[PDB]
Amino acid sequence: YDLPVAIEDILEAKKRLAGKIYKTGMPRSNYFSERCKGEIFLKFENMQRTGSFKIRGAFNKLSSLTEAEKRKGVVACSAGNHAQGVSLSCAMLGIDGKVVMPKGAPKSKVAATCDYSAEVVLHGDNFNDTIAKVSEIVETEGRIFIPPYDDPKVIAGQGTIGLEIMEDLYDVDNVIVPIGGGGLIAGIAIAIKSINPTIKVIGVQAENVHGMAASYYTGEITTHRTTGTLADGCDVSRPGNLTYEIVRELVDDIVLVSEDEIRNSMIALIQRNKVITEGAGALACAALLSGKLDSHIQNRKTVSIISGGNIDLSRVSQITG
């Protein structure tokens, strides 16, 4: 009955985002609709600022802070998209931001975050080293940590996508969503379920690593990870506390897609729809082509989220070659 985020938080976020972050395209897809024997629409969060949706939740958090909180500075850790989302937000709001990264994060991602204003700190040869440094920085400098998903405002920001979907297409039947730590689907599901709960919200993760999926099937929080994935944005072994709480209550299903199916989805998106997607941005479309949603999607209206496009063209060519 009681959840840690409500429609009001997403309506508050809408208002903080009003005139700053903007609605992305959601066109009917020719290729996917023919393939899937139903109407497939593609939500372009890859074309949101910074190249992923992460700006939304990050902008809501950072601007819902008090001046007393903004003076404290802020801090995060990421090798890609979250780093970029907080940085643009830190420039936009003029908040002093620092961002920790491992000592081998893509050079394209390492400059993109500096250009966006925030100070990059390269440190350690793994992800847990990054978190070790953040804890030290918060401890010593007194900066506000910006969670990539497990935060009510972050989730609220993300939810603004759900409003956009129903605003553009409110005879939508299905919404298909990628999951890492769980903020995108959490936000989206609250927005959708609060306004039209008969719209089915379906999650997607890689077979290689799916903490949230494992938690969703288990009934409590648990880890799952064997190896990495092409959907690197969703390489998250253990799902968030707030996010799992919401997903278990509101998400109608979570499906798993293989690496080959992620690749096939990337190929179709760039080749047959002309949109640049990274692996995590192709997860939802992977699930459509897999055949695992056919009974949900056939002769119905289905929205597939393109969560990000931060991938080097050479890597696209490698995968879609």
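For every residue, the number given is its place in the sequence shown, counted from 1.
The stretch with the higher mean CA B factor, choosing between 169-177 and 224-232, is 169-177.
Taking the mean C-alpha B-factor of each stretch as recorded, 103-111 and 86-94 are not equal, and the higher mean is that of 103-111. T140: CA B factor in the highest third of modelled residues in this chain (values from the PDB entry). In this PDB entry, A287 carries a Cα temperature factor that places it within the highest third of its chain's modelled residues. Sort the chain's modelled residues by C-alpha temperature factor and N241 lands in the middle third, per the entry. Among all modelled residues in this chain, the alpha-carbon of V75 has a temperature factor (C-alpha) in the middle third. Annotation for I270: C-alpha temperature factor in the middle third relative to the rest of the modelled chain, per the entry.
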